[PDB]
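**Student:** Mind looking over this structure? Questions follow.
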Amino acid sequence: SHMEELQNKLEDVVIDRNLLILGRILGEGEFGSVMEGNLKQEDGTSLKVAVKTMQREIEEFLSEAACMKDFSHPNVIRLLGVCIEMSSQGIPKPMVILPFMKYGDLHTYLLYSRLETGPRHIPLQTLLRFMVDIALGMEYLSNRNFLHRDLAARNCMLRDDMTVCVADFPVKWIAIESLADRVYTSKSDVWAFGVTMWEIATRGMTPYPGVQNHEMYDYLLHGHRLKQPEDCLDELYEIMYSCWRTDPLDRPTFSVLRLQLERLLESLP
Ligand SMILES: CNc1nc(OC2CCCC2)nc2c1ncn2Cc1c(F)cccc1F
């Protein structure tokens with residue numbers, strides 16, 4: 001049953017705390033710290049991991065983690081498991097175990113590519129490949145009817161083989177209808193995707209330069225959208241523009257976008 005399926009997923013998501021060794025602080029996220037970690041595997045060997053540290057709230061976290069561990073796609077970050085520690089004040093410490101991605105997030109990578117020591121200039125073909133990877137991961141989530149709600153270049157991770165995966169599922173990424181009536185659909189994730197494509201095409205630029213966050217709703221209300229980046233193919237601009245059609249029903253699905261992006265990439269010499 002649906003219940004029996006949730007119970008299984010819960011047993012698989014929990015990791016024994018003793019199988020985990022924590023390292024240095026990598027940074028400070030939203031909820032709290034992200035640390036380096038070692039995870040003891042079933043085959044005797046240890047794996048480098050990243051550990052994000054944050055009754056009903058604990059149960060919601062467990063249920064949500066149980067769902068995510070079940071996601072299985074090369075362009076979706078895999079949730080390795082969760083640990084629940086307890087503070088000296090008796091406050092729960094939910095820990096989420098993720099793979100360590102030495103190349104880090106896509107946003108930083110793009111910015112670094114514009115500096116001498118950072119990765120070399122990213123050719124157009126590679127930038128389109130990044131968009132195709134995100135579209136593939138989002139197409140997978142969308143089919144499973146799972147909404148991301150925070151898609152941006154900062155939440156996409158680069159694997160060792162340069163594959164991008166969506167992870168972590170900010171007014172300038174939010175669709176016009178989600179700013180007006182707080183309603184969020186898969187088409188709202190499509191809008192966020194269009195914005196993400198523009199972050200990639202500008203190589204890390206903040207969306208809507210010269211437009212303040214408080215004036216974002218009225219900017220869009222008047223039909224204005226993100227401008228075409230310099231040396232962005234018209235075909236690529238048309239694809240990202242279609243993500244920002246006023247009516248969510250007119251916006252393409254992730255499947256259609258993915259197919260448009262793959263064809264455009266194929267056409268490149
Ligand atoms: C350099 N590689 C990594 N760096 C960071 O930095 C954290 C990010 C915020 C400051 C700390 N987190 C990593 C890394 N590889 C994996 N993760 C785990 C992780 C994600 F994959 C996606 C979103 C949040 C995450 F915590």
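Ligands are numbered from 1 in the order shown, chains are lettered A, B, ... in the order of the structure tokens, and residues start at 1 in each chain.
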So which residues touch segment 14-29 of chain A within 9 Å, counting only C-alpha atoms, skipping near sequence neighbours fewer than 5 positions away, as JSON, numbers by chain?

**Tutor:** {"A": [34, 35, 36, 37, 38, 39, 40, 41, 46, 50, 51, 52, 53, 62, 66, 80, 81, 82, 83, 84, 85, 97]}

**Student:** Can you tell me which residues sit at most 12 Å away from ligand 1, counting only C-alpha atoms and all ligand atoms, written as a ChimeraX atom specification?

**Tutor:** /A:24-37,48-54,75-80,95-109,150-160,164-169

**Student:** From the set A:138, A:127, A:110, A:216, which residue has the shortest atom-to-atom contact distance to residue 171 of chain A, counting only C-alpha atoms?

**Tutor:** A:216

**Student:** In Å, rounded to a single decimal, give me how far atom CA of residue 192 of chain A is from atom CA of residue 257 of chain A.

**Tutor:** 12.9 Å

**Student:** List every residue of segment 150-234 of chain A that DSSP, applied to the backbone of this structure, places in helix (DSSP H, G or I), and write the result as a ChimeraX atom specification.

**Tutor:** /A:153-155,171-173,176-180,186-201,213-221,234

**Student:** Taking the DSSP secondary structure from the backbone, can you list the residues of segment 80-139 of chain A that are strand (DSSP E or B), as an mmCIF file with C-alpha atoms, in the first residue's frame?

**Tutor:**
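Full text of selection.cif as output:
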data_model
loop_
_atom_site.group_PDB
_atom_site.id
_atom_site.type_symbol
_atom_site.label_atom_id
_atom_site.label_comp_id
_atom_site.auth_asym_id
_atom_site.auth_seq_id
_atom_site.Cartn_x
_atom_site.Cartn_y
_atom_site.Cartn_z
ATOM 1 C CA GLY A 81 20.560 9.568 3.868
ATOM 2 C CA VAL A 82 19.732 11.474 7.076
ATOM 3 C CA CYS A 83 20.819 11.588 10.780
ATOM 4 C CA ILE A 84 18.934 13.145 13.668
ATOM 5 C CA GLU A 85 21.218 14.475 16.417
ATOM 6 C CA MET A 86 20.020 16.285 19.594
ATOM 7 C CA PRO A 92 16.752 18.249 17.226
ATOM 8 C CA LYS A 93 19.673 18.536 14.822
ATOM 9 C CA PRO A 94 18.468 17.071 11.454
ATOM 10 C CA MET A 95 21.484 16.286 9.236
ATOM 11 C CA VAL A 96 21.187 15.534 5.487
ATOM 12 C CA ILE A 97 23.910 13.485 3.729
ATOM 13 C CA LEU A 98 24.735 14.351 0.153
ATOM 14 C CA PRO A 99 27.540 13.478 -2.316
ATOM 15 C CA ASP A 105 27.689 24.907 -7.601
#

**Student:** To one decimal in Å, tell me the separation between atom CA of residue 233 of chain A and atom CA of residue 131 of chain A.

**Tutor:**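 Separating atom CA of residue 233 of chain A from atom CA of residue 131 of chain A is a distance of 13.9 Å.
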
**Student:** Counting only C-alpha atoms, what are the residues of segment 85-189 of chain A within 12 Å of segment 239-242 of chain A, and for each of them which pair of atoms is the nearest and at what distance in Å, to one decimal? Sort the table by chain and rising number, as a tab-separated table.

**Tutor:**
residue	atom	partner	partner_atom	distance
A:128	CA	A:239	CA	11.6
A:131	CA	A:240	CA	10.3
A:132	CA	A:239	CA	11.9
A:135	CA	A:240	CA	11.7
A:187	CA	A:242	CA	10.9

**Student:** Provide the atom CA of residue 9 of chain A to atom CA of residue 64 of chain A distance in Å, to one decimal place.

**Tutor:** 10.0 Å

**Student:** Which is closest to residue 232 of chain A among A:4, A:199, A:59, A:43, if we use only C-alpha atoms?

**Tutor:**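 Of A:4, A:199, A:59, A:43, the one nearest residue 232 of chain A, counting only C-alpha atoms, is A:199.
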
**Student:** Find the residues near residue 217 of chain A: any atom within 8 Å, counting only C-alpha atoms, skip ones fewer than 5 places away on the same chain, and give them as a list in words.

**Tutor:** residues 176, 179 and 180 of chain A

**Student:** If you keep N, CA, C and O atoms, can you produce a file of those selected residues as a CSV table (one decimal), in the first residue's frame?

**Tutor:**
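part_6.csv, written as the output of this step:
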chain,number,residue,atom,x,y,z
A,176,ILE,N,5.5,35.4,-12.4
A,176,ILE,CA,4.6,36.4,-12.3
A,176,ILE,C,3.3,36.0,-11.5
A,176,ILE,O,2.8,36.8,-10.7
A,179,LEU,N,3.9,35.5,-7.6
A,179,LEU,CA,4.2,36.7,-6.9
A,179,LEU,C,2.9,37.4,-6.6
A,179,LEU,O,2.8,38.2,-5.7
A,180,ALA,N,1.9,37.2,-7.4
A,180,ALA,CA,0.5,37.8,-7.3
A,180,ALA,C,-0.4,37.0,-6.4
A,180,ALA,O,-1.0,37.6,-5.5

**Student:** Could you tell me which of A:205, A:183, A:221, A:136 comes closest to residue 261 of chain A if we count only C-alpha atoms?

**Tutor:**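 When distances to residue 261 of chain A are compared using only C-alpha atoms, the smallest one comes from A:136.
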